[PDB]
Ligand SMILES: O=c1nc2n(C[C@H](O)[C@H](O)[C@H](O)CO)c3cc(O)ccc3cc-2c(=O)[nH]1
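Coming up is one lone chain in structure tokens, specifically the form deposited without this ligand.
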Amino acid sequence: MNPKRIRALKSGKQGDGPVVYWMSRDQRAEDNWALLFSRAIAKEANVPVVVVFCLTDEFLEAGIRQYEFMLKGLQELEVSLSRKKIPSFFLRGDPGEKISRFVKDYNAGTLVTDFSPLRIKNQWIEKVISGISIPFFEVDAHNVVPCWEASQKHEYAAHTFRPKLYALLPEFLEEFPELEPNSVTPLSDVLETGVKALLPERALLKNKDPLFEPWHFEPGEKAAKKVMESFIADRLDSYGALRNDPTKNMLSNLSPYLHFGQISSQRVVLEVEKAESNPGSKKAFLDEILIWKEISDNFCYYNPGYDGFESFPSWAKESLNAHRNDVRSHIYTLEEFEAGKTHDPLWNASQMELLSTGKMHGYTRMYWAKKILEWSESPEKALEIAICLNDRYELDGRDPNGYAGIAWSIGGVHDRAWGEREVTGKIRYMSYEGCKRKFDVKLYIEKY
């Protein structure tokens, strides 16, 4: 219960009501600081617990794959808080006017939410702050070290962020106190109408069969843990050597759960540190879930235009500007990129994995984004196309890891300058021939 995990969004006078947890990013009962700190606040005020979820009007911008993944985990979530005597109230509409109305109707005393450096959360936060009179608090329940505490300034590279983050690990890498149930307390239809409005935009093939295959990742808190145990037991030892081979499913497969907050990265880090495996593989994994994941929150928190060309490092901006006018080898529209109708079969195979499974392998996710920059009229058009394709079809999309990852591939964020080349400039280059010498491309293409 470190007080450094909490910050004040609006200082006011708490009323005689239940501490209302506005769950947005961490959709889990266990291992949730915001839920834990809300319970502590409610206990110190002799007040019950309150959990509120908002079903925003922005779910039409995504597919059924994300809607069903989040909604199915909500059903498991609701029965989980019921066992803890914690009622769950789910609202549909704008968070700005629905959270404010809820606080007035239920006479809530204190409002608490989880942290999200994305632009949408800030848009919702400003609306709620202007329509409430109760104190509003926010808890960083997604990062092992709080985003504002890891660093006070945007970090240029993982070389400069790793020593800072590991310094605060002994203070902040701790276990989760048990969630105390309430002493006393006072989706199927919603899901059905959501998919009915999302059916016309569902991805279909020539024979009109659905593209998405939903058996690859079962949503829910229970399934997220089971993926964690299987990764550690069977797929952690070989992670260091085979994490760059798409043909092998050596990855943890925890990104869809981590994005929706169905499992805490802290518990994953706690479990992998206790487990015994190859030291190189262990360090490679913590380098991904701790260093590169949390720098994404740092990148989005300290860069207002994190999804724009303005957030690129100056060496990349000058290099891309000097090679703006080079004649591109090929140009592809958004529709051509979407259907996978390019001249590169590796790119087409990666896009097919994205369309079918909803989760593209991390190694090819660097090839997939960089080739978009190669075959785009401008770097800005590459950013727009990559972001749209990422957020539309990825189960882990609309996440700070996505925008930091896209900026890494296109704008060189958290990278260094490489050999100068036409069109792409000094940005890191990955070729089809290069991938052939790293992994068997043929098996990847045939699979998808």
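Here the rigid core means the biggest group of C-alpha atoms that line up within 1.5 Å when the two forms are laid on top of each other. So that there is no doubt, residue numbering starts at 1 and follows the sequence shown.
Below, we refer to the form deposited with this ligand bound, which is not included among the displayed structures.
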- Message: Within 4.5 Å of this ligand in the entry with it bound - does that hold for a heavy atom of every one of 62, 66 and 398?
- Response: yes
- Query: Should residue 121 be counted as a contact of this ligand in the entry with it bound, where contact means heavy atoms within 4.5 Å?
  - Reply: yes
- According to a 4.5 angstroms non-hydrogen atom cut-off, is residue 27 in contact with this ligand in the entry with it bound? yes
- Item | 4.5 Å heavy atom contact, residue 37 and this ligand in the entry with it bound | no
- Message: My question is simply whether residue 259 lines the interface with this ligand in the entry with it bound - judged by any non-hydrogen atom within 4.5 Å.
- Response: yes
- in the entry with it bound, the residue from 70, 383, 47, 423 with a non-hydrogen atom within 4.5 Å of this ligand is 70
- Item | in the entry with it bound, the one of 55, 413, 51, 41 near this ligand [non-hydrogen atom within 4.5 angstroms] | 55
- Just one of 202-210, 121-129, 331-339, 76-84 has residues with a heavy atom within 4.5 Å of this ligand in the entry with it bound, so point it out. 121-129
- Of the residues 331, 167, 334, 204, superposed on the core between this form and the one not shown, only the C-alpha of one moves by 2 Å or more, and that residue is 204
- Message: I want to check residue 59: does it shift between this form and the one not shown by 2 Å or more at the Cα, with the core superposed?
- Response: yes
- For residue 178, is the CA shift between this form and the one not shown at least 2 Å following rigid-core superposition? no
- Query: Just checking, between this form and the one not shown and with the core aligned, does residue 194 shift 2 Å or more at the CA?
  - Reply: yes
- Sense of the change in Cα distance from residue 348 to residue 203 in the entry with it bound - at least 3 Å versus the shown form: farther
- Note on the structure: A change of 3 Å or more separates this form from the other: in the entry with it bound, the C-alpha atoms of residue 206 and residue 349 are farther
